**Student:** 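One structure coming up, written as structure tokens, with questions to follow.
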Amino acid sequence: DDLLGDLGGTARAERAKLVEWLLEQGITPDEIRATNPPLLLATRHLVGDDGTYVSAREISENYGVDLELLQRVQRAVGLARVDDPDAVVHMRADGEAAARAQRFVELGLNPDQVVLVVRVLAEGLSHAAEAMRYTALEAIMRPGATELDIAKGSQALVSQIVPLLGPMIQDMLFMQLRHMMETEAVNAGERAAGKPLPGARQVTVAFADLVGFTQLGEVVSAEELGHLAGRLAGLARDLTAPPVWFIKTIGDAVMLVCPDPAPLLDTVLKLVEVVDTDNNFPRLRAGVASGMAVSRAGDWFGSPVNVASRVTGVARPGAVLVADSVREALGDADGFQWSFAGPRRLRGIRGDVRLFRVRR
Amino acid sequence: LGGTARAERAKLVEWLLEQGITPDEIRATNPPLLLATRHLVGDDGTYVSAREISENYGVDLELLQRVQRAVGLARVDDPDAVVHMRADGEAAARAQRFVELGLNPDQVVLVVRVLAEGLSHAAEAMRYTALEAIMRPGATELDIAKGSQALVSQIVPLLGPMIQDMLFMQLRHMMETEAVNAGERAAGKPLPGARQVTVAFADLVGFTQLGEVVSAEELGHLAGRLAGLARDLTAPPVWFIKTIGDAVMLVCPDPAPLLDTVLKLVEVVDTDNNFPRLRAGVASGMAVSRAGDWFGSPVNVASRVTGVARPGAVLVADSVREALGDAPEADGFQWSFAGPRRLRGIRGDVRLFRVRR
Ligand SMILES: [Ca+2]
Ligand SMILES: [Ca+2]
Ligand SMILES: [Ca+2]
Ligand SMILES: [Ca+2]
């Protein structure tokens with residue numbers, strides 16, 4: 001009764017039924033009063049929120065971790081900055097989970113490199129968390145849903161989802177670690193032989209990447225790039241015909257590979273053009289490179305992949321830049337026109353790459 | 001191979017053999033420094049088609065192929081072709097469980113896409129960390145192989161659990177945000193203990209002034225630098241609340257000093273050109289504090305205002321202008337109408353101004 005606040009009307013009646021449901025599962029009046037509103041009081045347990053708080057000093061003492069590094073991790077993960085180590089502010093679970101990060105430093109990694117990776121993860125996970133919010137809201141916030149409908153629906157859904165997230169995360173991480181190490185193996189294997197690898201094949205490789213701003217100079221947001229990536233893939237798939245291979249969509253970019261450069265430069269140019277004419281998209285840029293590369297599990301690795309990716313990064317919006325390797329590999333009668341973009345030093349590569357801007 | 005770059009190989013090959021690597025493996029894949037590592041990251045040399053995965057796991061084939069495409073795996077039109085690694089096929093099969101729980105497939109795919117992207121940037125930053133640990137002065141290939149083996153054996157298993165911990169922290173935050181939001185709706189007004197604050201977010205863009213893309217390693221570094229600058233510049237009564245990836249959050253009882261701090265922060269980032277430009281969004285109103293952080297309407301408005309702010313710009317809600325009170329002692333701010341009139345997830349029309357010194 002005192003657990004209904006200043007509420008009246010539909011809202012007050014909805015709250016009373018929520019409190020009843022909470023009280024009868026064993027949540028105490030004090031807990032309900034301490035949590036305004038108590039809508040997710042039952043649901044938040046499932047993600048580790050027990051309504052308890054901890055000081056940085058207590059975490060340091062109990063878990064035997066460095067206090068200064070703990071605070072550096074706590075802040076890098078996105079927790080509130082607390083300058084007083086004795087102040088009981090942070091949620092207990094947040095403090096305990098930050099403590100687990102010292103292990104990476106005990107096993108010999110620099111505290112600075114650990115912190116950097118945590119920052120990157122935090123950025124990425126903030127985008128993933130937002131998509132997860134929408135997904136969950138669509139399922140729970142049905143029309144007319146009352147506070148009790150929401151409390152119960154969200155509790156039921158979250159209880160089933162939580163056991164699935166751990167395994168999913170590791171699986172997606174591992175997928176990326178495999179790709180990253182396969183890229184690395186092929187790198188060193190190309191540089192030891194100097195020349196081709198076994199299985200290798202002459203390919204022309206292009207990445208076509210959406211730029212992160214509109215023509216007016218606005219920022220194309222992260223959730224909008226998610227939706228546009230799927231639209232870029234549909235489009236690349238429609239314009240892509242043999243002998244052009246549409247390999248994969250990564251981020252807001254598509255990867256195309258071809259034995260021969262002519263039909264590919266052609267497909268990339270067409271692709272940049274229909275994006276330019278569709279006002280839903282920000283502009284597209286593309287980088288192209290030719291050479292010897294090997295394929296594992298349907299993907300392509302090697303120098304032309306490395307070069308194409310870096311050349312895509314330095315291309316201006318609406319522009320198709322190509323390494324000299326691509327124009328040399330063009331043989332006969334073509335109708336592209338070429339401007340010399342100049343020699344350019346690219347980040348992961350050494351031998352200054354000569355670039356050409358390409359147009360119909 | 002003959003001499004001193006050969007006794008080098010001797011060391012490696014003998015070790016590789018003792019790591020359970022077979023003679024055939026040692027050449028079916030040339031210079032073999034990382035063979036002993038594949039099994040620890042889920043690669044056992046097995047490969048399965050989309051259809052065989054569909055019936056191994058009893059899942060829908062079309063949805064499976066869609067999730068596989070969304071995560072950034074090679075596109076395979078033929079469902080009977082054996083192309084993907086098994087582990088890659090199986091990870092995609094987990095997606096149907098979320099759908100069977102009542103989640104929209106379109107949105108599951110979308111979650112999967114955004115998470116794959118976030119984790120690819122994480123892996124790139126991990127590549128440099130690993131290369132810094134392993135590649136030490138005078139490193140022979142055996143050194144590099146043993147180094148990789150220890151790293152992947154001891155460190156990699158801690159990564160999944162660490163990323164789940166990071167995600168749960170943010171899911172805890174989210175649930176507080178959604179509770180406070182529902183609380184405001186039900187009451188039709190701010191909640192008990194609510195305080196009058198001005199909130200600002202300052203966000204780095206994904207590109208520098210010339211349109212180039214910031215790498216993942218560079219992103220982590222710059223985010224740390226922004227955190228440092230915000231720390232240097234934020235003094236009482238302004239509070240530096242947190243850094244979430246590449247954005248900082250400032251909160252203050254009074255709008256004038258917060259606004260002065262935000263402007264200064266954007267200015268300074270605009271003098272070093274290694275930084276992408278900074279942009280900021282500001283709102284004023286009532287908010288509740290939990291765990292050092294702030295929750296409520298002005299936090300949600302300022303966040304969405306930052307999202308529509310242009311590079312180099314501080315965009316403020318009308319709420320801030322009213323909070324300054326058209327009798328402000330401290331007001332050497334220039335005001336121009338700007339920005340959109342609508343914001344995603346925020347009820348009515350909204351009035352925005354660009355502020356400069
Ligand atoms: Ca309890
Ligand atoms: Ca982009
Ligand atoms: Ca940003
Ligand atoms: Ca951000």
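Just so it is clear: chains get the letters A, B, ... in the order the sequence lines come, proteins before strands, and each one is counted from 1. No hydrogens, no waters, no symmetry mates; every other heavy atom, side chains included, goes into these values.
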**Student:** Counting C-beta onward and ignoring hydrogens, is there a side-chain heavy-atom pair between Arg225(B) and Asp272(B) closer than 4.5 Å?
**Tutor:**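 They are in side-chain contact.
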
**Student:** Atom CD of residue position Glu106(A) - does it have more than 12 heavy atoms of other residues, nucleotides or ligands inside 6.0 Å?
**Tutor:**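 Yes.
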
**Student:** Over all heavy atoms of both residues, which pair between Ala309(B) and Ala280(B) is shortest? Give the atoms and the distance, please.
**Tutor:**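 The answer is CB-O, 3.8 Å.
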
**Student:** May I ask you to check whether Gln113(A) and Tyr128(B) show a side-chain donor-acceptor distance below 3.5 Å?
**Tutor:**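 The criterion, which ignores hydrogens and geometry beyond distance, is not satisfied for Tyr128(B) and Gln113(A).
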
**Student:** Any chance CD of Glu61(A) has more than 12 other-residue heavy atoms, nucleotides or ligands included, within less than 6.0 Å?
**Tutor:**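 Not buried by this count: 12 neighbours or fewer within 6.0 Å.
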
**Student:** How close do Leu259(B) and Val355(B) get, heavy atom to heavy atom, and via which atoms?
**Tutor:**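 Result for this residue pair: CD2-CG1, 4.4 Å.
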
**Student:** Hey, is CZ on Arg231(B) packed in by over 12 heavy atoms from elsewhere, all under 6.0 Å?
**Tutor:**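 No, not enclosed.
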
**Student:** Which of these passes side-chain hydrogen bond (donor to acceptor under 3.5 Å, both in side chains) with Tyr63(A): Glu96(A), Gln102(A), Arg100(A)?
**Tutor:**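 Between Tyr63(A) and the candidates, side-chain hydrogen bond (donor to acceptor under 3.5 Å, both in side chains) is satisfied uniquely by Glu96(A).
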
**Student:** Do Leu315(B) and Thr306(B) have side-chain heavy atoms sitting under 4.5 Å apart?
**Tutor:**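 The answer is no; the side chains never approach within 4.5 Å.
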
**Student:** Under the salt bridge (charged side-chain N to carboxylate O under 4.0 Å, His left out) rule, collect the residues that match up with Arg172(B), sequence neighbours excluded.
**Tutor:**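 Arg172(B) satisfies salt bridge (charged side-chain N to carboxylate O under 4.0 Å, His left out) with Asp94(A) once adjacent residues are dropped.
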
**Student:** Once you round to the nearest 0.5 Å, how far does CG of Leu67(A) lie from CD of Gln74(A)?
**Tutor:**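 The CG atom of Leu67(A) sits 8.5 Å away from the CD atom of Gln74(A).
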
**Student:** Hey, is the main chain of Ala80(A) close enough, under 3.5 Å, to the side chain of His90(A) for a donor-acceptor pair?
**Tutor:**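 Yes: the side chain of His90(A) pairs with the backbone of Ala80(A).
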
**Student:** Show your reasoning for whether side-chain contact (heavy atoms from CB on, under 4.5 Å) applies to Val220(A) and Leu210(A).
**Tutor:** CA-CA 10 Å; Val220(A) 181; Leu210(A) 290 162; over 6 Å; no

**Student:** Of the non-hydrogen atoms in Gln71(A) and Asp83(A), which two are nearest, and what is the gap between them?
**Tutor:**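 Heavy-atom minimum between the residues: OE1-O, 4.4 Å.
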
**Student:** Can you name the closest pair of heavy atoms from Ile59(A) and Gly95(A) and give their distance?
**Tutor:**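 For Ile59(A) and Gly95(A), the tightest heavy-atom pair comes out as CG2-O, 3.6 Å.
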
**Student:** Would you say that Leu158(B) contacts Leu107(A) through its side chain, given a criterion of any heavy-atom pair below 4.5 Å between the two side chains?
**Tutor:**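 They are in contact (side-chain heavy atoms under 4.5 Å apart), so the answer is yes.
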
**Student:** Are any non-hydrogen side-chain atoms of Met249(B) and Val299(B) less than 4.5 angstrom apart?
**Tutor:**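 In contact.
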
**Student:** Distance check, rounded to the nearest 0.5 Å: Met286(B) atom CE versus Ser319(B) atom OG?
**Tutor:**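 One gets 13.0 Å once the value is rounded to the nearest 0.5 Å.
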
**Student:** Check whether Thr214(A) reaches the backbone of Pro282(A) with its side chain - one donor and one acceptor, N or O, closer than 3.5 Å.
**Tutor:**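 Judged by distance alone, no pair lies under 3.5 Å.
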
**Student:** Using a 6.0 Å cut-off, check whether atom CZ of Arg103(A) has over 12 heavy atoms from anything other than its own residue.
**Tutor:**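 No.
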
**Student:** Verify side-chain contact (heavy atoms from CB on, under 4.5 Å) between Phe213(A) and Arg310(B), making sure each step is shown before the conclusion.
**Tutor:** CA-CA 10 Å; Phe213(A) 52 94; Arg310(B) 306 172 106 265; over 6 Å; no

**Student:** For the atom pair CD (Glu124(B)) and CG (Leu219(B)), what is the distance rounded to the nearest 0.5 Å?
**Tutor:**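 So the gap between those two atoms works out to 10.5 Å.
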
**Student:** Indicate the ring-plane relationship of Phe295(B) and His173(B), choosing parallel, tilted or perpendicular according to the 30° and 60° boundaries.
**Tutor:**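 Tilted.
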
**Student:** My understanding is that only residues two or more places apart in sequence, or in another chain, count here; which of them pass salt bridge (charged side-chain N to carboxylate O under 4.0 Å, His left out) with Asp331(B)?
**Tutor:**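 Listed in chain order: nothing, the list is empty.
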
**Student:** A quick test of your reading: do over 12 heavy atoms of other residues, nucleotides or ligands sit less than 6.0 Å from CD of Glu132(B)?
**Tutor:**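 Enclosed: over 12 neighbouring heavy atoms sit under 6.0 Å from CD of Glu132(B).
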
**Student:** Taking atom CZ of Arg119(A) and atom OG1 of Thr243(B), what is their separation to the nearest 0.5 Å?
**Tutor:**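 So the gap between those two atoms works out to 6.0 Å.
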
**Student:** Evaluate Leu232(A) against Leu284(A) for side-chain contact (heavy atoms from CB on, under 4.5 Å), listing each step before the verdict.
**Tutor:** CA-CA 10 Å; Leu232(A) 182 62; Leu284(A) 204 69; 3.8 Å; yes

**Student:** Counting distance only, does the side-chain N/O of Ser60(A) pair as donor-acceptor with the main-chain N or O of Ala56(A) below 3.5 Å?
**Tutor:**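 No; zero donor-acceptor contacts below 3.5 Å.
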
**Student:** Do the side chain of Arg285(A) and the main chain of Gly313(A) share a donor and acceptor less than 3.5 angstrom apart?
**Tutor:**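 At least one qualifying donor-acceptor pair exists.
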
**Student:** Looking at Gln209(B), I want to see if its CD is surrounded by more than 12 non-hydrogen atoms of other residues, nucleotides or ligands under 6.0 Å.
**Tutor:**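 Counting other residues, nucleotides and ligands, CD of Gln209(B) exceeds 12 neighbours.
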
**Student:** CZ/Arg344(A) to CD1/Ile349(A) distance, rounded to the nearest 0.5 angstrom?
**Tutor:**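 One finds 12.0 Å between CZ of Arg344(A) and CD1 of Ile349(A).
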
**Student:** Where do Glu224(A) and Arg344(B) land on the salt bridge (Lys or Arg N to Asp or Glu O under 4.0 Å) test, with the steps shown first?
**Tutor:** CA-CA 12 Å; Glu224(A) 221 260 304; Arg344(B) 206 145 58 267; over 6 Å; no

**Student:** Could you check whether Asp143(B) pairs with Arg136(B) (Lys NZ or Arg NE/NH1/NH2 to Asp/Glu carboxylate O, under 4.0 Å)?
**Tutor:**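 The answer is no: the pair does not qualify as a salt bridge.
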
**Student:** Taking atom CG of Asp270(B) and atom CZ of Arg277(B), what is their separation to the nearest 0.5 Å?
**Tutor:**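 It comes to 4.0 Å.
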
**Student:** Under a 4.5 Å cut-off applied to non-hydrogen side-chain atoms, are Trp239(B) and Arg81(A) in contact?
**Tutor:**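 Side-chain contact under 4.5 Å: no.
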
**Student:** Evaluate the criterion side-chain contact (heavy atoms from CB on, under 4.5 Å) for residue pair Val305(B) and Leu343(B); output intermediate values, then yes/no.
**Tutor:** CA-CA 7 Å; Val305(B) 174; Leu343(B) 300 180; 3.6 Å; yes

**Student:** Looking at every non-hydrogen atom in both residues, tell me the closest pair between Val197(B) and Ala287(B) and how far apart they are.
**Tutor:**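 Closest pair (atom of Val197(B), atom of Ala287(B), distance): CG2-CB, 3.7 Å.
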
**Student:** Do the non-hydrogen side-chain atoms of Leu159(B) and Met126(B) ever get within less than 4.5 Å of each other?
**Tutor:**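 SC-SC contact between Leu159(B) and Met126(B) confirmed.
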
**Student:** Is it true that a side-chain atom of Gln170(A) and a backbone atom of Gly160(B) form a donor plus acceptor pair closer than 3.5 Å?
**Tutor:**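 Flag not set: sc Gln170(A) to bb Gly160(B) has no pair under 3.5 Å.
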
**Student:** Could you tell me whether the side chain of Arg75(A) and the main chain of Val82(A) form a donor-acceptor pair under 3.5 Å?
**Tutor:**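 The answer is yes, because a donor-acceptor pair under 3.5 Å joins these two groups.
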
**Student:** State, with a plain yes or no, whether a side-chain heavy atom of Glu176(B) is found less than 4.5 Å away from one of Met91(A).
**Tutor:**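 No; the side chains remain at least 4.5 Å from each other.
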
**Student:** So do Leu355(A) and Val314(A) actually touch side chain to side chain, heavy atoms under 4.5 Å?
**Tutor:**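 The answer is yes, as the side chains (C-beta and beyond) meet within the 4.5 Å cut-off.
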
**Student:** Minimum heavy-atom separation for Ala229(A) and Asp252(A), please, with both atom names.
**Tutor:**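 Closest approach of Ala229(A) to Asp252(A): CB-CA, 4.3 Å.
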
**Student:** Assess whether salt bridge (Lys or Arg N to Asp or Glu O under 4.0 Å) is satisfied between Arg57(A) and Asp84(A), documenting all intermediate values.
**Tutor:** CA-CA 9 Å; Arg57(A) 184 149 278 148; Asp84(A) 184 359; over 6 Å; no

**Student:** Given 3.5 Å as the limit, does a donor-acceptor pair link the side chain of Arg357(B) with the main chain of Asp260(B), or not?
**Tutor:**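 Yes, because the side chain of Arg357(B) sits within donor-acceptor range (under 3.5 Å) of the backbone of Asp260(B).
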
**Student:** Would you call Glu223(A) and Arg133(A) a salt bridge, taking side-chain N to carboxylate O under 4.0 Å as the test?
**Tutor:**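 Looking at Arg133(A) together with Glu223(A), the answer is no, because their closest N to O distance does not fall below 4.0 Å.
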
**Student:** After noting the C-alpha distance and the side-chain angles of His127(A) and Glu123(A), does the key distance pass the side-chain hydrogen bond (donor to acceptor under 3.5 Å, both in side chains) rule?
**Tutor:** CA-CA 7 Å; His127(A) 301 287; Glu123(A) 176 66 20; 2.9 Å; yes

